[PDB]
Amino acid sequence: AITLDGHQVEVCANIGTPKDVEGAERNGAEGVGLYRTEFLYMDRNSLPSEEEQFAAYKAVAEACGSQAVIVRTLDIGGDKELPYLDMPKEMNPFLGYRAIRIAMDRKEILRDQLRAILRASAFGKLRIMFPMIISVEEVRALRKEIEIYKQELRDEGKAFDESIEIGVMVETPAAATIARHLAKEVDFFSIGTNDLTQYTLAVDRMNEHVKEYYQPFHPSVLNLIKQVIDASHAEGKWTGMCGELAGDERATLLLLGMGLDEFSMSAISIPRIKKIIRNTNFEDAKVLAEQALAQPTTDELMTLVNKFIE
């Protein structure tokens, strides 16, 4: 989509299973900004094989023609009950043995999924996105593993996209703070704003007694987002957002002004957000974003963006 003054941003669909692709196309998605892969690991008694995963990743790669699909690696933890995974009981599963920490400790899981994505990337434009990253050394280790797996596929005579792009799903405050360092190691970011908000404000939004503390428009969260966007641009990269905020019509102008390159959302929201983008002036939104992110409280920030919307 393009703003009134010619600023282009991508507006993409979040997908949870290959059937969601139909709704994404129906609603004018320009691509898939988040393909969640948890459905492959749930409601079963055994890890999904490389072949089973490949079948699913290939289906989406071909379904989306020439559009890019961002595949998020396993993003699950002990809060979910999947006995075959043998996940330990945890006092704070949101801060625990989850997502990339599982895959990097149980290489079978990482290898099965990354090999499957690599093989599927021969049939469409796929990107790999890692969740729960907090450190440059995690990314460096993952890139080494990817190159090992590429060599294995070459040694086996299996095709893959040798230039597959790699990204971090920025959801920890740590990753937001070292974004400039991370932007040197990966091709893009995508902001998981729901989880970034929870970790930054130290709030589990499903906790009934503190649920009101969860505010994605909190100035700390938005300034961290701006920091990540700016870091990506300083290195010639780009930042998307697959968190719920990207599909929030109260945030579209603000996020545009912040310089967000890509919005990814439940497909039903794509036409509304597209329309806002096409009727926004980027330069004006940039001025509003600067004033908004300078406000000291959520209420004062939101009051400013809402008046500008009117």
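From 1 onward, residues are counted along the sequence shown.
Set 20-28 against 294-302 and average the Cα temperature factors; 20-28 ends up higher.
On average the C-alpha atoms of 72-80 have higher B-factors than those of the other stretch, with 100-108 and 72-80 being the two compared.
If you compare the C-alpha temperature factors of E51, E249, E262, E244 in the entry, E51 comes out highest. Across the residues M87, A176, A122, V186, the deposited record lists the maximum Cα B factor for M87. Remark: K274 belongs to the middle third of its chain, ranked by C-alpha B-factor as recorded.
Split the chain's modelled residues into thirds by C-alpha temperature factor. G236 is in the highest one. In the deposited entry, the Cα temperature factor of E208 places it in the highest third of its chain's modelled residues. Remark: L254 belongs to the lowest third of its chain, ranked by C-alpha B-factor as recorded. Split the chain's modelled residues into thirds by C-alpha temperature factor. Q198 is in the lowest one.
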